[PDB]
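Chain nomenclature is as follows: A, B, C, D, E, F and G, assigned in order of appearance, with residue numbering initiated at 1 for each chain independently.
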Amino acid sequence: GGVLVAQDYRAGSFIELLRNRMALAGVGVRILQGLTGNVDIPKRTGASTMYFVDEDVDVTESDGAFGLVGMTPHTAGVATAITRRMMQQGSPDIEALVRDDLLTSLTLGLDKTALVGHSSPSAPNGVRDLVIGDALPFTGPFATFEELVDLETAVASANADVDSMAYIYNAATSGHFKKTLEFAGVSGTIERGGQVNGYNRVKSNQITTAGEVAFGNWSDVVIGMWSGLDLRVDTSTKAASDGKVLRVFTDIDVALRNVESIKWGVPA
Amino acid sequence: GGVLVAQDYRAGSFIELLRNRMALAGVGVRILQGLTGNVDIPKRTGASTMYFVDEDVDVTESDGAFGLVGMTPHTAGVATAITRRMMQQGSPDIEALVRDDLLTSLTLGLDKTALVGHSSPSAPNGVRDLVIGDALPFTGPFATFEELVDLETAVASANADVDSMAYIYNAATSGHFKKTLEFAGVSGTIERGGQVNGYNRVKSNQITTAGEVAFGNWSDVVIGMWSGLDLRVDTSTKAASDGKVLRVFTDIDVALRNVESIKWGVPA
Amino acid sequence: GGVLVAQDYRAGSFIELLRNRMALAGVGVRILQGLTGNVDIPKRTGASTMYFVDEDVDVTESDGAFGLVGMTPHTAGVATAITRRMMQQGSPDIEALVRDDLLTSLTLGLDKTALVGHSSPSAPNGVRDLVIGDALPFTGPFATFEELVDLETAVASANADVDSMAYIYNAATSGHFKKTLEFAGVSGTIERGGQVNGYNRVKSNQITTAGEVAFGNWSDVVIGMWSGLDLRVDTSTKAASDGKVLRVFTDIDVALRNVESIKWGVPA
Amino acid sequence: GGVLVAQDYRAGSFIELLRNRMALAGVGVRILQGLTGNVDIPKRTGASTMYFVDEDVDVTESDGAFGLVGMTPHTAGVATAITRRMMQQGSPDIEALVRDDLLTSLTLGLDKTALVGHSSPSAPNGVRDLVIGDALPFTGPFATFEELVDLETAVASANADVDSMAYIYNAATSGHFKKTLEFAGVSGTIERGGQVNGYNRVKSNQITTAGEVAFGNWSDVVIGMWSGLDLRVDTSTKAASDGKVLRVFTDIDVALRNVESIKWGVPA
Amino acid sequence: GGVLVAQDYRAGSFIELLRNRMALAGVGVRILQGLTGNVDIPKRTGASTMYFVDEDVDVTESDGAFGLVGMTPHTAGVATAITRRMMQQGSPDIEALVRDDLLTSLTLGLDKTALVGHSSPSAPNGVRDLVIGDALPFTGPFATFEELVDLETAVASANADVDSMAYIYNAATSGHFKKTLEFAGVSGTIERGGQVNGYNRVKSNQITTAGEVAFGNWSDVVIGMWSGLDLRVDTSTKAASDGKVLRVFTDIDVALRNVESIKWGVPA
Amino acid sequence: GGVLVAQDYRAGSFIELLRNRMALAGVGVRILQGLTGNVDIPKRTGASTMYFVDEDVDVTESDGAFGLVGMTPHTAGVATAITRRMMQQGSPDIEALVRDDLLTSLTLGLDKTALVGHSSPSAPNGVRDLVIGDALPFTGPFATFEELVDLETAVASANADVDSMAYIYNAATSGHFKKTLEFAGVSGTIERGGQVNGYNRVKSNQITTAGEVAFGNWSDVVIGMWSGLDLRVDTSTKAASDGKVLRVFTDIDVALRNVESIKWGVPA
Amino acid sequence: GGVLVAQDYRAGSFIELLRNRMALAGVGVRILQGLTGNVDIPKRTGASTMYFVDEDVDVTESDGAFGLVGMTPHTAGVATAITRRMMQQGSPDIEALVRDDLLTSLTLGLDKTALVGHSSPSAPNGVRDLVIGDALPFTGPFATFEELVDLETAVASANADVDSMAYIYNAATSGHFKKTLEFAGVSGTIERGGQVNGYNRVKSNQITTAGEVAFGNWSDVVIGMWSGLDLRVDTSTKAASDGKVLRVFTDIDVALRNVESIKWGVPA
């Protein structure tokens, strides 16, 4: 009764405790809303000037400029297919395994494209696209403690400070900020406790680049969600040879109130 | 039924969230007064000299010098216009917007001139205009911690010492005072907990220069007011088009008592 | 007379306080299960992707991939003999001595074989056997504080980090961590107060080599025990002279779900 | 019309808040007395010595020297003259201003010349004149902690060390003291809050030189007042114009008991 | 007529304040008991070995190894004899003195020979002799900190670690520890406070050599007291000439459990 | 009427506030007595050895030695002469001055020669005289922290230590201890606070040389005070000029009981 | 009032009971089941052997061999369309009328391909496809009695015999058997009543070819129903003209448990 070829009763047990995928993290500081129709908010962007004048000499007329920000829904959506046989024989089921998979793969996609601009036309330009025009280099594969304060000045130099800001960087950067001394010979390091420079960090892997770090007042970043999550189940699109496709849509747009409330550093 | 046309009914939602353009922050620790006429205050600038003399020899006569400090009203004001159609259909009250912007841009405009002398003639002389005659250089883009002690001495050396002095430096400089140690590996940075060298700072953004830093007893500068912020709402002008014009005037002047009570930084 | 010879009725005492074996210590922070037949676990190893489209544009269908992990029993056993006379006249009860020897000499063998694979060809593949392909050399007889956090970032980069992870290193390596500072001039040593980098250490001797360390989320491995520790008395093998032979068998195997949850040190 | 040579009724508002002159400070730790005649007080120098002898072996004799210190009035005073018209039309009381100038400008002059000797014949010998003979160099534009404690030992090495002792140095030297550590790497400045090397300081401006600093028990300086301040009013002099003259006189002399109670260090 | 020679009638005063000798300290950690006959206690020295079998392959039997440690009374004596005259003329009570000098000397001799083996045959084998076989050299007159934690690791690499272990070293070594730092440029000495490396120390001079330091769990050494210290004053031995002879006997033996529970470091 | 020959009337004031000669300090930790005739005390200096015997072997009798330590009074005195006129016209009472000088000049000489041996035959052996053979050089002008702890080590290395000890060093040595670090990195000075190495310190210029320093249990030094401070007024020594002479005698000697209770520094 | 255009009273009777298609005959003797997921069944092959031992002989061991048979689901289905008009004017409920058309035409089609394999890829191989590897030629258009009894003997020799077997042939071969003798001059015909050789026949036209005759136990054919015959009404396709489409699907597979239980004729 050797187990080799004459006792091949041993088959697969197939315990259904699925090893699920590893997913990234998100953000928790910004603001949002649910609405309909186009939206526009007025912006000041201009102020009157002061004139010093002699006696009996007339002053002039100075008038402020104006402008308005706007948001229009750009739709997004993921869709997948399931043939008949897969539907017939799915061990954890295919009607429910793929269902939540779609939602969890779309929520993170939206959260990523809101932060970093998705490289595709007809897609809402992300925050990194609206502020990369003044990217601060780091003259090194990573950022020293000097630059992490430079970013804070470049934001405070524009009078945009609410003393509740946050840094954002991936993990491979957070590693270097863990094993690097703050100064020449002083005790502390850069990323001690949960803070960095008195402000919090988030350590999210959404920013794919290695040494790319972002800072600024995230409170004035608005995102317009015109609709929730749809999760439309379909059968007719593939029914000649039986099959059931799944799909889910959502539309969104991103904009920020002041262009300089965020600073973006790029590792040179 | 696309949304390009044949769908001209999309509505531009208008939300009332006007945001004032970024503004600076003032600095008040000074001395002021409301009055009329020209003004004058006498000041002693000389003292007698003691003489040691032997038995029965005549002493010498020494005479002190005097001086006075004078101020005269300098005039400054701002104004702008509003037509009729703009006033009627305005989503926020355009009147209130202008009526607030004028006062804000004048209040902020005055003290900046008080610190840094305005570039136009017929404008009052700022503190920087008077004390820049002597000015300690810095031998670098920013001020090493030792120069911040040289300022405190150069005032103490003239025995103008009061125990409530304060530093004033640009916001962009304050970044250079948090990434720099006092001494090599000494465990303390320059600006700690909103204090420097045991004295307070203000960290205003009025000082438009990079590394200029002022210091001294600011209870020794005197500004002269002749009239508060007078808001003249004017409708007789442009009355043929029924468009009113708003204007505001105020006269000011500034001069400090002891020239050696302030010092300037002048990075070079 | 004297106590030299032929005057020896002096009692010889026999106290019952055994000196023990001085074995190693365990680990025990993992998960396990009881089985039958070969087991396979499904594991999702792909994700769908979103598509940004404007009005009236089809969304592309996208699909993920799947995979599964397997386990198969490998058997480990121990056995020993005992005669009748030893049982007849034993100073402590011998059969319990040998039973406890068997049990605690098999449990520790299994623990060691889990982490480091045993040498025999018919042996379960240890964690070191699996995750050694991704190995981070140390460029020295031990590891500095740099690499000792480099492991952490090489784990957390794959999003596979849970708040409660742990380090594992040989007992002859705890001492090196103790005698070395993290950075040059600052105070503080690596093995500091029962932890190393905010995470716990275990300091076992199962790791035979000198400077091998291992870090990762220790809830991501599974050991499959097909049968508990069963004890057989086996009186019949030596009934020709009434001799028992105690033996204990057990067959297990080990595997981990996500390969990027452990990191090996392997100093060079 | 506007301000013009023709239009100028505007008056000159004369506010009587006299900005005063910036004066120096003095000392508060010495002793003195109101006197007459000429004073000589004896002080012992040296004492007898101990001798060891054999049994019935002759003993020898010794002796102890003596000495005395003396003080003689040195006369000093200041005086100025005000005309007649300037008393007729004077905005404050022109007399009282001159009186309160003379009194303080004489008190400070005497306190100045007592500490550091005045540079003129017929002037009393200041402490610097009496103790500069054994002055201690510095080998630097300023003094270092080594000398800041050598000044302490050089007083202790003469048994003249007493519990109450104080440092005295120019205000320009205090800033330098602050901007310099005590040792190489330790975190500590020379002058902490109101303390130097466990002792007090006064930090006046009387010491005209930068690097000079004095130390020692200041209870050994004795100054003698032969007469209070006179403040005599003259009218016979300058009577052809009815002009008053104000004079003050005082005689004084300074001498310290034990020459080693003070130590004086000069920069070099 | 003199004091020196042939006129010396002065009596030489005798004061009974005996200046005693100087003694050592001892040890206070280990365990002991009181017994009558020989004592043997059993310890296991060998365990079964695990095995992995190819399918259908018999597991081989593995047998443990046993041993036992024994203690036999080794007897000591200490005796001295005072004579009659020395007892008739004695300023302190001489037999009250020698009786103390015997007890203290015997206690300290037993203590010293228990720790360091006495250099004589028929003397119980001291702790040092059981572990001096393997000994960690120090490469210098004393052991630095890294060399000091090697004793910790050596016991740790034998699984014999207990929560309360201790260090023992000469008093001359305790100097070389109190005056040397743990790490260069860090504020910490080796023999800090009252502990070393987080473990207790006991300073004693029993270790006659210079830099030998011992370490290990001292609760693992046992010592046997067959009979306490007995005075046993004797007269009839030296009775021919009257005398009082004193002799104190005691018989003990020392033995160790886990040889690895003690590590010995010799300077070289 | 100027102050010259024409003004010789002004007198010469004599004030009786004399100044005492600044003296040294003493000692407050030793022990002494008042006695007559020679003195000596017995000191045990031998320990009875022990032996390990065989089964039936007699312990070999052994003996201890005894030592006797004693002292003999040495003499010492001082004397100063007064003439007749200087006694007739003395501004303070001259005999009072010399009688209050002699007693102190003798006490401070007795203590001086007790601590440090006088350099003259027929003078008592000072504590320096008895321990200078066991001196410990300093390889420099002053001693570092290493030798400062080395003295304490070499004292306690002879079982002669007790909790109440003290250092003694010249004022200059104290100043040097104040100006240096024990380890360059560590904060604090050799003379931090009132202690030096956990024990007290007393400084006094009695020790004449630069960096000699002593340490050890000071309650181990006895002083023999045979006679008080004998005062003698001698008028007949020189009556040919009617001039008396004052003499003061006192006999003393010093010895220490346990010789290894002190050690000396002798900076090489 | 005859039956012409004069009489319009008569209407179309249209009795609803439908006629039917001339469909072939099935089998209905075999086995089936309902399952899910890929399948296999463990069969046996060979067994142990019996041994006749003497009085005291041990009986020996013979190994048993094993093996399995698996099946994979092949798919099939039919579908036809229905216009909107034909659902309004259908005299029976048209969908209920077209269902039966689809279910019977599918069941019969499955019976066809199961017995004789469909000539198309992706079609489950029929019984003829599995056993035709060995079949007795006939040497003529049909088979005599000898071959029809050899078909029985070749199965009975393999012990695959069971009483309820059956022949199968095409209607034409049955007619031929009816019109011919078993042997020349023998009254009995090859086929008579319901038997051919004492066993039953089925006389179906599923075997399209002429002359092929199959024999064997038809209780060894196993077919696997992976899903009931599900009905899918489709309305999304052809939804412009409102026409709906009916569809039906199923997944089956055929495999016989004992390959030698059937034989085939295959004339020539």
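Keep this in mind: a contact is a pair of C-beta atoms (placed from the backbone, for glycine too) under 8 Å apart; a residue touches a chain by one contact, two chains touch by 3 or more.
The interface of A-B is repeated, with over half of its contact pairs matching by residue number, by D-F among D-F, D-E or A-D.
Contact count check for D-E and C-E (C-beta pairs in contact): higher for C-E. Centroids built from CA atoms put subunit G at 130 Å from subunit F.
The geometric centre of subunit C is 82 Å away from that of subunit D, both derived from CA atoms. Rounded to whole angstrom, the centroid-to-centroid distance between subunit A and subunit E, based on C-alpha atoms, equals 71 Å. In terms of their C-alpha centroids, the spacing between subunit E and subunit F amounts to 41 Å. Shared interface positions of subunit A, defined as residues touching 2 or more other chains, are 11, 55, 91, 185-187.
An unclassified topology is adopted by the chain contact network, corresponding to no line, ring, star or complete arrangement. Residues of subunit F touching subunit D in their complex: 10-25, 74-81, 91-92, 97-98, 101-102, 104-106, 109-110, 112-113, 118, 120, 122-124, 171-172, 174-175, 178-179, 181, 184-185, 187, 205, 245, 247, 249.
Within the complex formed with subunit A, the subunit E residues making contact are 55-56.
Interface residues of subunit B, counted against subunit D in their complex, comprise 35-55, 59-64, 69, 145-146, 149-150, 152-153, 156-160, 183-188, 257-258, 260.
Looking at the complex, you find that subunit A touches subunit G at residues 1, 6-9, 11, 84-85, 88-89, 91, 235-236, 239-240, 242. Contact residues on subunit E toward subunit D in their complex (touch as defined above): 2-4, 185.
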